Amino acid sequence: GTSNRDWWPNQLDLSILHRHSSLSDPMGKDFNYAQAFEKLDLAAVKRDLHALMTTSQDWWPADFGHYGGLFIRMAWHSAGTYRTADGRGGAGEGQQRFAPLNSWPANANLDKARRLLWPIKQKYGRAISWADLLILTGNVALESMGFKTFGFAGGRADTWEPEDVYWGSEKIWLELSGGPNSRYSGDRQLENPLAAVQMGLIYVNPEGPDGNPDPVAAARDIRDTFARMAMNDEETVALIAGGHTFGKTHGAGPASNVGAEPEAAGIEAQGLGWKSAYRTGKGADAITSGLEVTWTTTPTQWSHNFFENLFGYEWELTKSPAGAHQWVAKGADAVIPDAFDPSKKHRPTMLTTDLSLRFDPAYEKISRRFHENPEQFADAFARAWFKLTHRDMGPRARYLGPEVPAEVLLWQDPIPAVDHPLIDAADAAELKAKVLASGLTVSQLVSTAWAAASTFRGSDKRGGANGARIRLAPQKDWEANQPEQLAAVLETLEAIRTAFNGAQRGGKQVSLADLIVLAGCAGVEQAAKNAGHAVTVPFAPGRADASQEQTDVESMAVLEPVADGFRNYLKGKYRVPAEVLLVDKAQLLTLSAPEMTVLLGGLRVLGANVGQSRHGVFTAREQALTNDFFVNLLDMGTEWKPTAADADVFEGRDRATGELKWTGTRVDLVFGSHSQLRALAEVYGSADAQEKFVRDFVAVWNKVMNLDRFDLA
């Protein structure tokens, strides 16, 4: 059936902005997962899960009698898709159960793991999401085996369709680097925003880079991909060693015995895949990765045996029964238990990537400290596992249930508690009047608030105006934020805030985070007034101001807008067309196509462009809130041509006279080109639309201002 994407494969795709509609959601429109979960008997769930660990099912028998290792692997894969570059991936939406993740080669036989959990999911129903359950199962695995976890938060609502993520351009699973769609270039530079070395892997290849079994070189890939998942070297060592304390790998026979992944399998498979023709196809005969490694003498108990073995033996290269490269301690004794035959023992074995923790010099320092001080290893692993499994959950205000850790971690971009009374409506009105009387302009006010609020991304729920991190390093110096202009605005606002707060009784005060957003609301209200309309923009107090010491500068770097179509800004020259980057940013802001369209055309006429560029400012009344962007963009009396100097900038000239009327970028002119976006622009460019435009702009503005306000959820 030939489709529009077949005929016009490079047209812009807006369907990413209308995923997750009420149409695809089985739950009622009023369903609130937080309320369901808060009444779950979490202790009862955990008892069920503990019992499950040692209750083998014949269709996928448990190694050693215990599913703990499989479940820890399942939880780490759930979390292990996360990328800091964009925040996409991670455990927070339970996407392991949908395509394509459910059928990635690295996720083989995790379909069995998910299926073992159906009875428990069924029993508790809507009160526990899959997304929470995958993680909670990994925690119960660890606790059942003697490991003390750092805690657990619920609150990951389930989703109902695949997210649209760029996982790479390769058309072959696992393709080695250097091919026609290579994700590497230069000196082994992985393309942003990817965080895995091959399509279908989680971070790295367990045999070594493109299959070369060199621990030293494997360590370079580990370091790079874990950094792209926001983990430093201490965390990375703790996670790998901690995970490979438990369980085993599966590679009993040749890989050619393994059949179709779940999305390819027959309907009779009922959502499972990788059926194997090797012997019984399961249990002792299981094939998953093709490696056949068991790291420790007690695979079902926490220990410090991973590092005892790693340092205590010398290692030689060998092949598993499937032909993969792996390492064995020859002339160790046969001290490692077999998974199913109590009369068989095995020598210690290791992956290439495990040996990286010893042979990379920076890793070896850390591994040696963890070997000599296994309580330090256990604390680091507990901390890193909580980070791994909660990194995309957003502000601590989202965390639910009785096991939330009290300690506030730097990586959570923490917001101080508010311990004072909040401003009321009359106070908000007084501050809005003060702001407008200071001389700050509509453009200054809207641009500052937009800069503060628009760092939010729904992928990982990081960013937004709460915290007033605009005023701190590094956001105060991001080029998109116009650092000198911003500094002058913030000085003026801080003086207003100091005056107001000095005049109060009773402990009432306004934060700078709330004032930045309230000042942007005053800009919007004044722009509506400039156009002849009286509107009140909604405002919700309660943001707090974070300190510099509460702000990790390096982790904040990935939130820098290097393309922000809403401010007609491109930090440099990218391969991806600017209009594609605009839709990406709209998706991160959680905007639909209509909301993106109204928002952009309003920002243009309010003066939100970086550098006060005239591109897209299709109005003769700048700083008034009107639909002039749309009316002027859609006027057929204007003819548009790319400039000689820059093919991405366009001049709009009167068709009859040739007189120059406007300039625009691709981001501006796509709204007059793309057949769906132009249908939207037409609505807002119609003669009956001025009221609609103002109402819808104010609504979307308020939506952006409140993205991170899970304290009000």
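In this text, residue numbers run from 1 along the sequence as written.
Can you tell me which stretch has the higher mean Cα B-factor, 484 to 492 or 120 to 128?
-> Result: 484 to 492.
State which stretch shows the higher mean Cα B factor in the entry: 574 to 582 or 439 to 447.
-> Comparing 574 to 582 with 439 to 447, the higher average CA B-factor belongs to 574 to 582.
Going by the deposited entry, which of 271, 186, 146, 601 has the highest CA temperature factor?
-> By C-alpha B-factor in the record, 186 ranks first.
Just grab whichever of 333, 635, 514, 379 has the top CA B-factor as deposited.
-> If I rank 333, 635, 514, 379 by C-alpha B-factor, first place goes to 333.
Of the three thirds of its chain by CA temperature factor, lowest, middle or highest, which one includes residue 692?
-> Its C-alpha B-factor belongs to the middle third of this chain's values.
Taking the values exactly as deposited, rank residue 654 by C-alpha B-factor within its chain and report the matching third: lowest, middle or highest.
-> As the PDB entry reports it, the C-alpha B-factor of residue 654 lands in the highest third of its chain.
Consider only the C-alpha atoms of the modelled residues in this chain, order them by B-factor as the entry records it, and name the third containing residue 200: lowest, middle or highest.
-> Residue 200: CA B-factor falls in the middle third of its chain.
Mind checking which third residue 680 falls in for C-alpha B-factor across the chain?
-> Its C-alpha B-factor, which the entry lists for residue 680, ranks in the lowest third among residues of this chain.
Would you please rank residue 278 by its C-alpha temperature factor against the other modelled residues of its chain and give the third it falls in: lowest, middle or highest?
-> Its C-alpha B-factor belongs to the highest third of this chain's values.
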